[PDB]
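One structure is given here, and the rest of the page talks about it.
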Amino acid sequence: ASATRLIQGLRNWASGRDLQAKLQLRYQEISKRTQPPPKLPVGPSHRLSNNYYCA
Amino acid sequence: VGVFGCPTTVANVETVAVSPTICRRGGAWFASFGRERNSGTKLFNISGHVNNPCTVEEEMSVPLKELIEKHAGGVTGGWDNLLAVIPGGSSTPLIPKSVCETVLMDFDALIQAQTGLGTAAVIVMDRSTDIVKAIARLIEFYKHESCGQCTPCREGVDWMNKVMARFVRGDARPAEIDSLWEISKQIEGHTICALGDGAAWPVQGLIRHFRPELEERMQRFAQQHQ
Ligand SMILES: Cc1cc2nc3c(=O)[nH]c(=O)nc-3n(C[C@H](O)[C@H](O)[C@H](O)COP(=O)(O)O)c2cc1C
Ligand code: SF4
């Protein structure tokens with residue numbers, strides 16, 4: 001992303017595609033390494049009534 | 001196999017004491033009172049919130065309103081002050097004021113009211129009564145008086161007393177009402193004697209007749225503690 005515009009233009013000419021829109025090197029746009037604590041949902045049988053195992 | 005392994009008949013004081021009167025006075029005389037297959041006289045113990053709590057011998061199929069208004073002078077504050085009646089002692093489920101107007105105090109007409117006759121002990125509970133505190137005290141009676149022999153009573157009656165002690169405060173969510181109902185159905189009929197049945201029945205009666213009062217109890221707990 002720090003490639004100068006002469007090398008950036010030569011590189012786009014040599015590939016034939018627009019390369020800065022689709023860079024295979026990852027930058028600030030990817031997810032944060034430290035994520036907030038989650039709250040996972042419980043299944044359908046987490047009930048206190050009408051929840052017999054035989055049914 | 002009864003007492004000492006002998007043949008035995010265990011019989012109530014009332015059904016023993018009335019039998020020489022049946023043999024002297026006659027069988028048709030004792031059969032003339034009350035309805036058919038509900039024959040005879042019966043002792044009734046009207047206690048709770050009445051003006052004159054009293055024991056009285058009365059004919060078998062007497063209406064409940066006539067009994068309470070005549071022999072006990074009516075409910076404290078009149079009949080409009082009535083909230084609920086446990087009809088025959090603690091083992092039977094209670095009936096609300098909407099059922100006590102036309103109900104008859106024998107076996108079969110109370111079985112039609114999805115309760116029982118039992119001991120014919122009319123406990124009257126007026127509008128001034130926290131009914132949830134009374135039924136949780138009743139389940140406290142059934143866990144302090146339970147011999148601990150088999151599993152469902154020994155575990156579930158203490159567990160129903162804990163759930164009812166939270167229902168008094170309202171420290172639950174409403175999905176624990178129906179849960180508690182299932183606990184009663186896991187006790188009623190799966191025990192040795194009918195104290196598991198006699199402890200499952202009042203929980204079922206309280207839920208069936210005052211579910212919205214428990215729900216508004218728990219929701220006002222949930223808003224006043226959060
Ligand atoms: C937990 C429990 C307690 C009982 N307590 C008495 C009691 O104190 N007095 C009584 O006459 N029957 C009591 N019974 C009912 C008896 O099981 C039985 O029905 C009765 O003593 C004798 O039957 P009878 O109605 O022909 O006299 C109790 C039943 C249970 C399940
Ligand atoms: S269920 Fe009956 S036999 Fe068992 S502990 Fe309770 S009262 Fe006793």
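Letters A, B, ... go to the chains of the structure tokens in the order shown; residues in each chain start at 1; ligands are counted from 1 in the same order.
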**Prompt:** Counting only C-alpha atoms and all ligand atoms, what residues are within 8 Å of ligand 2, given as number ranges by chain?
**Reply:** B: 145-154, 191-196
**Request:** Identify every residue of chain A that has at least one atom within 12 Å of any atom of chain B, counting only C-alpha atoms, and report the result as a list in words.
**Result:**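 Putting it all together, I get residues 46, 47, 48, 49, 50, 51 and 52 of chain A.
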**Request:** Apply DSSP to the structure's backbone, then extract all residues of chain B labelled helix (DSSP H, G or I) and return them as a PyMOL selection string.
**Result:** chain B and resi 3-5+13-17+19-25+27-32+64-71+79-81+107-111+131-144+151-169+175-185+195-224
**Shell around residue A:2 at 12 Å using only C-alpha atoms, local window under 4 positions removed, as a list in words** = residues 6, 7, 8, 20, 23, 25 and 27 of chain A
**Request:** Output as a ChimeraX atom specification all residues of chain B that backbone DSSP marks as strand (DSSP E).
**Result:** /B:41-48,54-59,82-86,95-96,121-126
**Message:** Excluding residue B:65 and its own-chain neighbours fewer than 6 positions away, which residues fall within 10 Å of it when counting only C-alpha atoms? Please give them as a list in words.
**Reply:**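 Near neighbours after the sequence-gap exclusion: residues 74, 75, 79, 100, 101, 102, 103, 104 and 105 of chain B.
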**Asked** Could you list, as an MDAnalysis selection string, all the residues within 12 Å of ligand 1, counting only C-alpha atoms and all ligand atoms?
**Response** chainID B and resid 8:19 89:92 117:120 141:143 145:147 153 188:189 191:199
Can I get the selection written as a CSV table (one decimal), in the first residue's frame, with N, CA and C atoms?
```csv
chain,number,residue,atom,x,y,z
B,8,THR,N,-55.7,-57.0,59.5
B,8,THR,CA,-55.9,-55.7,60.2
B,8,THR,C,-56.8,-54.9,59.3
B,9,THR,N,-57.7,-54.1,60.0
B,9,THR,CA,-58.4,-53.0,59.3
B,9,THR,C,-58.1,-51.7,60.1
B,10,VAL,N,-57.4,-50.8,59.5
B,10,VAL,CA,-57.2,-49.5,60.0
B,10,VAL,C,-58.3,-48.6,59.6
B,11,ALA,N,-59.1,-48.1,60.5
B,11,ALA,CA,-60.3,-47.3,60.2
B,11,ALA,C,-60.3,-46.0,61.0
B,12,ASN,N,-60.9,-45.0,60.5
B,12,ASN,CA,-61.0,-43.7,61.1
B,12,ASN,C,-61.9,-43.7,62.4
B,13,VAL,N,-61.7,-42.8,63.3
B,13,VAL,CA,-62.5,-42.6,64.5
B,13,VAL,C,-63.9,-42.4,64.1
B,14,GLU,N,-64.2,-41.6,63.1
B,14,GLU,CA,-65.6,-41.3,62.7
B,14,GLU,C,-66.3,-42.5,62.1
B,15,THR,N,-65.6,-43.2,61.2
B,15,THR,CA,-66.2,-44.4,60.6
B,15,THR,C,-66.3,-45.6,61.5
B,16,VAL,N,-65.6,-45.5,62.6
B,16,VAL,CA,-65.8,-46.5,63.7
B,16,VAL,C,-66.9,-46.2,64.6
B,17,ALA,N,-66.9,-44.9,65.0
B,17,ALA,CA,-67.9,-44.5,66.1
B,17,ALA,C,-69.3,-44.5,65.5
B,18,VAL,N,-69.5,-44.2,64.3
B,18,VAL,CA,-70.9,-44.2,63.7
B,18,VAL,C,-71.5,-45.5,63.5
B,19,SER,N,-70.7,-46.6,63.5
B,19,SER,CA,-71.1,-47.9,63.1
B,19,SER,C,-72.1,-48.6,64.1
B,89,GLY,N,-59.4,-29.7,54.2
B,89,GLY,CA,-58.1,-29.8,54.8
B,89,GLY,C,-57.0,-29.7,53.7
B,90,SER,N,-55.8,-29.7,54.2
B,90,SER,CA,-54.6,-29.3,53.4
B,90,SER,C,-54.4,-30.2,52.1
B,91,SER,N,-54.7,-31.5,52.2
B,91,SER,CA,-54.5,-32.4,51.1
B,91,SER,C,-55.3,-32.0,49.8
B,92,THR,N,-56.4,-31.5,50.0
B,92,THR,CA,-57.3,-31.1,48.9
B,92,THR,C,-56.8,-29.8,48.2
B,117,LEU,N,-63.1,-34.2,48.7
B,117,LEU,CA,-63.6,-34.0,50.1
B,117,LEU,C,-62.6,-34.2,51.1
B,118,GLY,N,-62.0,-35.3,51.2
B,118,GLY,CA,-61.0,-35.6,52.2
B,118,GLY,C,-61.6,-35.6,53.6
B,119,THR,N,-61.1,-34.8,54.5
B,119,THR,CA,-61.4,-34.8,55.9
B,119,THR,C,-62.6,-33.9,56.3
B,120,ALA,N,-63.2,-33.3,55.3
B,120,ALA,CA,-64.3,-32.3,55.4
B,120,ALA,C,-63.9,-31.2,56.4
B,141,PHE,N,-45.3,-27.4,55.7
B,141,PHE,CA,-45.8,-28.4,56.5
B,141,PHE,C,-45.6,-29.8,55.8
B,142,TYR,N,-45.8,-29.9,54.5
B,142,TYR,CA,-45.6,-31.2,53.9
B,142,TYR,C,-44.1,-31.6,53.7
B,143,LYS,N,-43.1,-30.7,53.9
B,143,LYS,CA,-41.8,-31.2,53.9
B,143,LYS,C,-41.3,-31.3,55.4
B,145,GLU,N,-43.2,-32.6,57.6
B,145,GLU,CA,-44.0,-33.8,57.9
B,145,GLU,C,-44.0,-34.8,56.7
B,146,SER,N,-42.9,-35.5,56.6
B,146,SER,CA,-42.7,-36.4,55.4
B,146,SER,C,-41.6,-37.3,55.8
B,147,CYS,N,-41.8,-38.6,55.7
B,147,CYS,CA,-40.9,-39.5,56.4
B,147,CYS,C,-39.6,-39.8,55.7
B,153,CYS,N,-41.2,-37.7,46.9
B,153,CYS,CA,-41.6,-36.8,48.1
B,153,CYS,C,-40.4,-36.3,48.8
B,188,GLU,N,-47.2,-36.8,41.9
B,188,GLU,CA,-48.6,-37.3,42.1
B,188,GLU,C,-48.7,-38.6,41.3
B,189,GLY,N,-48.8,-39.7,42.1
B,189,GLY,CA,-48.9,-41.0,41.6
B,189,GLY,C,-47.7,-41.8,41.5
B,191,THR,N,-45.4,-42.0,44.2
B,191,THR,CA,-44.9,-42.2,45.5
B,191,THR,C,-45.5,-43.5,46.1
B,192,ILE,N,-45.2,-43.7,47.4
B,192,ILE,CA,-45.8,-44.9,48.1
B,192,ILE,C,-47.1,-44.5,48.7
B,193,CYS,N,-47.2,-43.6,49.5
B,193,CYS,CA,-48.5,-43.2,50.1
B,193,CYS,C,-49.0,-41.9,49.4
B,194,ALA,N,-50.1,-41.3,49.9
B,194,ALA,CA,-50.7,-40.2,49.3
B,194,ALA,C,-50.3,-38.9,50.1
B,195,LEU,N,-49.2,-38.8,50.6
B,195,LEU,CA,-48.6,-37.5,51.1
B,195,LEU,C,-47.9,-36.8,50.0
B,196,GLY,N,-47.3,-37.6,49.1
B,196,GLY,CA,-46.8,-37.0,47.8
B,196,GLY,C,-47.9,-36.5,47.0
B,197,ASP,N,-49.0,-37.2,47.0
B,197,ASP,CA,-50.2,-36.8,46.3
B,197,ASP,C,-50.8,-35.6,47.0
B,198,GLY,N,-50.9,-35.7,48.4
B,198,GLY,CA,-51.4,-34.6,49.2
B,198,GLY,C,-50.5,-33.4,49.2
B,199,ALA,N,-49.3,-33.4,48.7
B,199,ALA,CA,-48.4,-32.3,48.6
B,199,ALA,C,-48.4,-31.8,47.1
```
**Message:** as a PyMOL selection string, please: the residues near residue B:38 (cut-off 7 Å, only C-alpha atoms, same-chain neighbours under 6 positions excluded).
**Reply:** chain B and resi 60+106-107
Selection export as a tab-separated table (two decimals), in the first residue's frame, atoms kept: N, CA, C and O atoms:
```
chain	number	residue	atom	x	y	z
B	60	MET	N	-74.71	-34.64	54.48
B	60	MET	CA	-73.53	-34.91	53.67
B	60	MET	C	-73.41	-33.95	52.49
B	60	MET	O	-72.35	-33.38	52.25
B	106	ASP	N	-69.90	-33.04	49.60
B	106	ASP	CA	-69.70	-34.48	49.67
B	106	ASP	C	-68.50	-34.85	48.79
B	106	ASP	O	-67.76	-33.98	48.32
B	107	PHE	N	-68.30	-36.15	48.59
B	107	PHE	CA	-67.14	-36.61	47.82
B	107	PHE	C	-67.27	-36.24	46.35
B	107	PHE	O	-66.40	-35.56	45.79
```
**Gap from atom CA of residue B:83 to atom CA of residue B:166 - Å, one decimal** =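 Computing the Euclidean distance for atom CA of residue B:83 and atom CA of residue B:166 yields 22.2 Å.
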**Item:** Surrounding residues of residue A:19 excluding itself and chain neighbours under 5 positions, 12 Å, only C-alpha atoms, as a list in words
**Value:**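 Surrounding residues, per the criterion: residues 1, 3, 7, 8, 9, 10, 11, 12, 13, 14, 24 and 25 of chain A.
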